[PDB]
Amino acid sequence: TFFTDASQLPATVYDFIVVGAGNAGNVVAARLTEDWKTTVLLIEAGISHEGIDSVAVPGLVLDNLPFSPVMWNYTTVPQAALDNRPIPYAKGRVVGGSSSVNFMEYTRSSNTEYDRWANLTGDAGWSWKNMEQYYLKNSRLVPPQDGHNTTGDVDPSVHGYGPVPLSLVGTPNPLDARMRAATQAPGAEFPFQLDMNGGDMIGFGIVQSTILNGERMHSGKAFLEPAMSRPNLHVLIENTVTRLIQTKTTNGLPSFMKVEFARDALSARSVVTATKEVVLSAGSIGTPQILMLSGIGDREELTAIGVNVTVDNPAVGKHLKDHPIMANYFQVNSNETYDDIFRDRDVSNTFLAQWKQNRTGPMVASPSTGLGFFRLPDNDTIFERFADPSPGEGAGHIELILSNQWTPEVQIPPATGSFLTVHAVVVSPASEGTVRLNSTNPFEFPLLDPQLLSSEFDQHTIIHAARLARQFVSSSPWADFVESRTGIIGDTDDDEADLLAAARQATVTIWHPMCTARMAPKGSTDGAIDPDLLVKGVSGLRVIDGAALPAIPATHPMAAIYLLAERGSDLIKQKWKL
């Protein structure tokens, strides 16, 4: 159990205040309290994860979308490159944050991802050489729930000892064997990847999910729950941080050591104080919104909104990156898909009962079976006009995600039939957008503009990815299984203009907003924070979450965020000699 009101807290002063009990924030709160002395208050806007089946049970993940108590739901402004469609945005609003509601897929990214962080920041502490220790500390490989033989599908030698457990799936599907046969063959057009967490992601690999004993092990399970028996950790839920309040100058810079919060817009505000640091872990949307409302951000833009600006930090809310996705649906000559589970609540409930009984069956599966990462050819024409937006070697421009059902996105499954989805993702997008305030009201929705598919690079690449999906399933292991294409993209012929017009209607965000208070070198205004994660122009304020990353990962970002939080935690311990 958690505190739900300020009046319950044992103190109003703490060594550290961490805002956001999410993917990163729970890492920070748990790591910092490991000495059993350092006091931390963790403040979270959302509800407890406890007792919620749609969080604990992997197979129920789609039930939280598009709208549920555990999810923050909003939409983008009209997206100019997507036929002016406003696109749904979701993020977690629960203990564990987005790790409690996400699709559980853990991919640390290529070695070159971390090397790129080093190059962008000028700080070799973010290089893979130095980051490998934080990967091994974060996660470990565990056996599949069903004890099936994973030989050839994972490499135990590239996994560590940490609290986040990764497993291959504990219930079978018809995709894995076809994926292996299509990709492991001599001369396969799409190669096989033994272990995408071993430094090179290129090829199709069997997904590795944050699931142990058939249960989702989100950051609230891996980090927070174990740490909550400590006397020096206190967790306040159901309270939104409204702004930071400026306190005394420290080292010649303004500090913001007071944290104001409230249960809701009509509730009386309370204030707590940190004596060492405030850490913002409110995510790529929440963290810039707090900074802006605190008067830390673009002076001109914030003044126009009526914020009293205290630190001109123009990168705040800029450089928003996200991954566009569009589904390629195929009807399949199979009765082994999960479509009946999605469509029929009685079916779902019966498999839920099996899960509650002995943690087996379809409910232990994540929403994907396999992930494939591919590069455009080096000698490809588009790189005349575009620099490589990827980390380089071992990272893709494109991801193809295999799902053993019609994954709902823009469209939901037809009432009849069995489906495969091959999702086309641009994992190295060139498009960039913003998060801005609408209002000085802290409870008002932000203005979200990812500029999805605005770059011609992203348009070209997502269309190319749709063609790759169709080519992937044309090989002989897929010949008896895939029967035809359907849905927006699938019904479209191969012509580029036709596919682009379809992409403008089928594309959505995968919900990986990133880089809105990003690291940059000291003296650069290309980012909001320094390479040590401390906010530029401020003393005592650190950002540890998706907002901090200087580039969007070329893959599912939960793991890179975990690793950033692992190192950030150590940077705090080092500075304060904990």
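Throughout, we count residues from 1 along the sequence that is shown.
The question of which stretch, 453-461 or 299-307, has the higher mean Cα B factor is settled in favour of 299-307. Comparing 184-192 with 134-142, the stretch with the higher mean C-alpha B-factor in the PDB entry is 184-192.
The PDB entry assigns the greatest CA B-factor among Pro513, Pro553, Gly537, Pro58 to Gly537.
Taking the PDB entry at face value, the top CA B factor among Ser255, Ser99, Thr421, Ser167 belongs to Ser255. When the CA B factors of the chain's modelled residues are split into thirds, the value for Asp83 lands in the highest one.
Split the chain's modelled residues into thirds by C-alpha temperature factor. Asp35 is in the middle one. Among the modelled residues of its chain, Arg470 has a C-alpha B-factor that falls in the middle third, as given in the PDB entry. Ranked against the other modelled residues of its chain, the C-alpha B-factor of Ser157 as given in the entry falls in the highest third. Ranked against the other modelled residues of its chain, the C-alpha B-factor of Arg93 as given in the entry falls in the middle third.
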